[PDB]
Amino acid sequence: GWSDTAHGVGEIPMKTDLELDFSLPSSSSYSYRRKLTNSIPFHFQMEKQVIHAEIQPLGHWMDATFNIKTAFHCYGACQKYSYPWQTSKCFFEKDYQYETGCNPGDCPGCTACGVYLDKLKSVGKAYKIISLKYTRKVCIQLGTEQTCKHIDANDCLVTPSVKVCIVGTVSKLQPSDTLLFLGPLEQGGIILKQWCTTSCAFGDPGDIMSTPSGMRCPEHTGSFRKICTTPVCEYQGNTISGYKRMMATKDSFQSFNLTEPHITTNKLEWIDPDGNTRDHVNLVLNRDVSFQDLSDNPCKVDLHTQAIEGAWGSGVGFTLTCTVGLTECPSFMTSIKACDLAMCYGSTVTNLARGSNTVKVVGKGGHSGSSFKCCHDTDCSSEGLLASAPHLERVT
């Protein structure tokens, strides 16, 4: 039956006017100009590849000094007086109250132990990658008709007589990677496969995180001990911060650079300047009547967003229930996408029958204000649906 999922052409090579087959750096453009005989001008322009990363913003990674202080007062109870470290942003406290052999002179009590972090200094911003999308802008002008589109990696553009396909194993960054920028985005980031998430301890990568909703403080896994002169508190645990431990071995981690980067709340956009990342590009110009666009179809698709579940800004994603009506075709195998005002975040291939169908699409990314709509090609539903906030909370 009919289907538009195949993005490509059927051709007779004998009838092909021109074929291009080359490898191009991701960071390179390409321009080709030849006059086609009848003279007909012909222009093929491919732009630099653009990386689109849906990111979770993690805030500022913090450096700090580890401190422990004892406070022994002979007065009654431990809670009745408070202690100097309790003004710190992050402190962990243990109180040895009404226990014993340990009384210093003049005291016939409370022994307050306190570990806290001060000299807090931001060392860079961190982002966790939800999804990655690689696109290139391609413009084709055959005579007086121009066609421009943004082509995804491993996808093809089909015009009445030109087919342009890209194929590239471009994938240095991975989803759920953690990007750390010690400076402005322009100066590049560091990829960290290890970054604390479910069990952030002091000294872990990402231990102290200054977020917009306040500070996020690491647990101290060491053990306390009361020494018995006035008692002194002792802590057996990690003293050195996660930042200092990473910088000491910093050259162990993978960097990645960014040219002209643009950033929003949930998305990072740049061009990778590494000229070694190459994809394969194939262009075929074939003006014969037998040059068939494989995606041609007389089918019509009506879209309505039925329901939504799941979260925005999540590597788990959201699930979008679509009501897809099909007319003018007995069946039609196609792709239905989840898109908002900005762009799309996921697609599902279904086999549609005459009449109404129900189609569920899993999207990944988006923000609080994204109104995700069911989309086909450039046709989306009239209405969109907001998703739930993502669960990204330390348990502490």
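The numbering used is simple: start at 1 and walk along the sequence shown.
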{"query": "Deposited-sequence gap flanked by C228 and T229", "finding": "1 to 3"}
{"query": "90-98 versus 194-202 - greater average Cα B-factor per the deposited record", "finding": "90-98"}
{"query": "Between 212-220 and 320-328 (mean CA B-factor, as deposited), the higher", "finding": "320-328"}
{"query": "Peak C-alpha temperature factor (PDB record), options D251, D177, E145, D279", "finding": "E145"}
{"query": "Residue with maximal Cα B-factor (values as given in the PDB entry) among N103, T135, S131, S255", "finding": "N103"}
{"query": "Ranked C-alpha temperature factor of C156 among modelled chain residues, by third", "finding": "middle"}
{"query": "CA B-factor ranking of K172, expressed as a third of its chain", "finding": "middle"}
{"query": "Chain-wide C-alpha B factor ranking for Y30, given as lowest, middle or highest third", "finding": "middle"}
{"query": "Third assignment of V289 from its chain's C-alpha B-factors", "finding": "highest"}
{"query": "Third of the chain's Cα B-factor distribution that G237 belongs to, per the entry", "finding": "middle"}
